[PDB]
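Single-structure report; data block below.
When a ligand or atom number is given, it counts from 1 through the structure's own listing order. One-based numbering along the sequence shown. Computed from heavy atoms alone, side chains included, the values below leave out hydrogens, waters and symmetry copies.
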Amino acid sequence: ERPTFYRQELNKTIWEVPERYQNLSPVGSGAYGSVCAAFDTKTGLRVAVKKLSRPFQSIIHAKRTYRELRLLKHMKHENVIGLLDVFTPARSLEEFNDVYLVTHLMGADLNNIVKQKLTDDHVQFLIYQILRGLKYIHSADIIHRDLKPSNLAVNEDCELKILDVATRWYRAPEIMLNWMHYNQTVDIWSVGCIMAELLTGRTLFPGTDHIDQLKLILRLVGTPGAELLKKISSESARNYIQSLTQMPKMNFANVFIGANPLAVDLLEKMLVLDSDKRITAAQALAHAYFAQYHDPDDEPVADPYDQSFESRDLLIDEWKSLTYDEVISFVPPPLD
Ligand SMILES: Nc1ccc2c(NCCc3ccccc3)nc(-c3ccccc3)nc2c1
Ligand SMILES: Nc1ccc2c(NCCc3ccccc3)nc(-c3ccccc3)nc2c1
C-alpha cells in the first residue's frame, strides 16, 4: 500500500509529502535540514516533518544521513525523541534523493523557559527526565555529546524529550582538552551545567572560547589532584594543567547559595573534573534529590545499538542504499 504525495514550495524549497500530513507550517531551518509543523490526519496529532538538506551530497553527508536515520529509528523511550514516520517520494533507489523524518511536535525547548528561573520542583522533574533519557541512550552505548538547553524539548506538561546558546558552555572539560577516550559521563557533565542553570538562572560556564571555558570550569572545580594527572596520557595536556595557576575547589554550597542541599550534592557528584569518578545516569537517578520520581521499575534500558557502520568507509551510493533500506524497513510505532 504505497501512499499518494502532493507537492508545494515553502521558503525556496519543494516539499513532496503523503496526503496524511496536512497544513505544513514552516517553523525553522539550518544547514542540516528544514522542518514544518503539520497535522497528521492518521493520528490526529501535531507533528514535525523534517526535510534533510542535501542528504547525499558527499560521503560525509550520506554517512551523516544514514547515522541520523539509524539513531532515530532506534530511540524508543518517553524522554528521547523518536520517529513516527520516515518517507521518501522516490519509488526506487535509482530516483531516491530526498529524506523526510516525522516526529511529535514539541511545545518549546528548554531556553523558552530558562530566559525566568524554575522552582526547585520543576528542576527535579526536568533533570529527572533528562537522566532517565540518558540512562536509556547510554545503555545502548550511544553518547549524546552535545546536551544543552536548545537540544531539550519541553511541553507545557513539563514533559521533557532529548532531541538530536553556545555548545562550548556545556562541554565536558575532557572534550575541551581533546581527549579521544571520553566516556558517556561527558553527558552527565552537560546535565550538571544545565541543572545549575535552571537553579540560578545563569549559565554556569559562559566562556568566550575554549581557553576561557577551561578557566571558568577550573575556578569552580579546582585544579586536578595527584590522582588525576596520574591518568593523563598526553604530555602537553599534562603540562598545560600544571602550567596553570592552582585553583582550589569551591564548596558548591557557597556558590549555589539558597539552592536545595540535595541539589548541591548532585551537582557535586556531576561536576567532577575526573570523569572516572563522575556519577552515571543510572546512579544519578537513584540519588535522593529525585525521591519523588525515581522508580527503578520504570527507568528502562535500550536494545543494543549496532554501531559497526561507523567504522566503515563506503561510497556515497552505498550509504545512499543503506539509508534507502532503513527508509523501507521502518515500521511505525503502535498508536495512542
Ligand atoms: N535540537 C533540535 C532543535 C529543534 C528541532 C526541531 N525543531 C522543530 C520543532 C520541534 C522541536 C522539538 C521536537 C519536535 C519539533 N525538529 C527536529 C526534528 C524534527 C523532525 C524529525 C527529527 C528532528 N529536531 C530538532 C532538534
Ligand atoms: N582517566 C582519565 C580521566 C579524565 C581525563 C581527562 N579529564 C579531565 C581533562 C581536564 C583536566 C584538567 C583541566 C582541564 C581538562 N582528560 C584526559 C586527557 C586530556 C587530554 C589529553 C589526553 C587525556 N584524560 C583523562 C583520563
Side-chain angles (χ1 to χ4, degrees), residues 17 21 24-30 33-38 40 45-53 65 68-69 71-73 75 79-87 99-112 144 146-155 159-165 167 171-183 185-186 189 205 207 210-225 227-247 249 271-278 330:
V17 312
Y21 306 106
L24 270 67
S25 183
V27 287
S29 59
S34 50
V35 197
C36 298
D40 184 4
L45 270 29
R46 267 285 263 189
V47 289
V49 181
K50 177 177 204 215
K51 184 187 170 195
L52 291 203
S53 178
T65 299
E68 176 177 31
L69 186 40
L71 296 171
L72 294 168
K73 280 182 74 172
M75 302 298 77
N79 301 122
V80 188
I81 194 184
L83 210 46
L84 266 20
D85 192 10
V86 51
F87 56 78
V99 171
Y100 296 82
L101 303 177
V102 185
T103 192
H104 285 100
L105 180 75
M106 290 297 294
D109 75 51
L110 195 44
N111 288 129
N112 324 323
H144 192 87
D146 197 6
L147 270 183
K148 57 164 163 200
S150 62
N151 282 157
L152 297 169
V154 197
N155 275 351
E159 273 139 35
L160 190 152
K161 249 109 163 138
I162 297 161
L163 307 168
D164 60 328
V165 69
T167 307
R171 278 280 143 110
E174 60 266 32
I175 297 177
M176 302 301 298
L177 264 192
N178 197 29
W179 198 25
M180 310 296 272
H181 308 286
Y182 53 77
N183 66 205
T185 68
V186 296
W189 176 276
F205 303 128
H210 288 215
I211 303 298
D212 192 52
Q213 193 64 30
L214 285 185
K215 181 194 175 145
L216 307 173
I217 289 165
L218 293 197
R219 198 163 72 210
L220 185 75
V221 307
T223 40
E227 182 182 38
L228 185 54
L229 291 158
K230 179 174 184 76
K231 309 185 288 173
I232 314 301
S233 51
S234 159
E235 220 206 75
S236 73
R238 223 179 308 112
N239 288 333
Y240 182 50
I241 295 166
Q242 305 217 221
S243 168
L244 280 191
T245 174
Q246 272 201 177
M247 299 296 193
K249 195 188 102 80
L271 297 177
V272 182
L273 213 59
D274 176 5
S275 67
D276 288 323
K277 296 310 203 209
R278 217 179 273 158
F330 177 82

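- Looking at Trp189 and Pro173, their side chains come closer than 4.5 Å, going by heavy atoms from C-beta outward.
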**OP:** Could you give me the CA-CA distance, side-chain angles and deciding distance for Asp40 and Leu84, then say whether side-chain contact (heavy atoms from CB on, under 4.5 Å) is met?
**Re:** CA-CA 10 Å; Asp40 184 4; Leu84 266 20; 5.9 Å; no

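- For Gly28, the closest heavy-atom approach to ligand 1 does not fall below 4.0 Å.
- Separation of the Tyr21 and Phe87 ring centroids falls under the 6.0 Å cut-off.
- With hydrogens left out, the protein atom closest to atom 19 (C) of ligand 1 is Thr103 CG2, 3.6 Å, a heavy atom.
- Remark: minimum distance from atom 8 (C) of ligand 2 to any protein heavy atom is reached at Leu273 O, 3.7 Å.
- With a 6.0 Å radius and a threshold of 12 heavy atoms from other residues, nucleotides or ligands, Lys249 has its NZ atom above the threshold.
- Nearest protein heavy-atom neighbour of atom 4 (C) of ligand 1: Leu163 CD1, 4.4 Å.
- Under a 4.0 Å heavy-atom criterion, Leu228 is in contact with ligand 2.
- The CG atom of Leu216 sits 12.0 Å away from atom CD1 of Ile211, with the distance rounded to the nearest 0.5 Å.
- Nearest residue to atom 10 (C) of ligand 1 from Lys148, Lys51, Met106 is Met106 (criterion: closest heavy atom).
- With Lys215, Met180, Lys277, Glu174 as candidates, the residue nearest to atom 6 (C) of ligand 2 on a non-hydrogen basis is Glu174.
- Residue-to-ligand polar distances place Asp276 within reach of ligand 2: an N/O pair is separated by less than 3.5 Å.
- Residues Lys50 and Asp164 form a side-chain contact, since some pair of their non-hydrogen atoms from C-beta on lies under 4.5 Å apart.
- The protein heavy atom nearest to atom 7 (N) of ligand 1 is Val35 CG2, 4.4 Å.
- In this structure, the separation between CD on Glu68 and CG on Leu83 is 9.0 Å, given to the nearest 0.5 Å.
- Taking only nitrogen or oxygen atoms, main chain and side chain alike, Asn151 reaches within less than 3.5 Å of ligand 1.
- Contacts between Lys161 and ligand 1, counted as non-hydrogen atom pairs separated by less than 4.0 Å, are absent for every part of the residue.
- Given atom 12 (C) of ligand 2, the protein heavy atom at minimum distance is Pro224 CG, 3.4 Å.
- With a 4.0 Å cut-off on non-hydrogen atoms, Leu177 touches ligand 2 through its backbone as well as its side chain.
- Within the 4.0 Å cut-off (strictly below), a protein heavy atom is located near atom 21 (C) of ligand 1.
- Here atom 3 (C) of ligand 2 lies nearest to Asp274 when heavy atoms of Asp274, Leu229, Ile217, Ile232 are compared.
- Scanning the protein heavy atoms around atom 15 (C) of ligand 1, the nearest turns out to be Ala48 CB, 3.6 Å.
- Summary of contacts: the protein heavy atom closest to atom 23 (C) of ligand 1 is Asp164 OD1, 3.5 Å.
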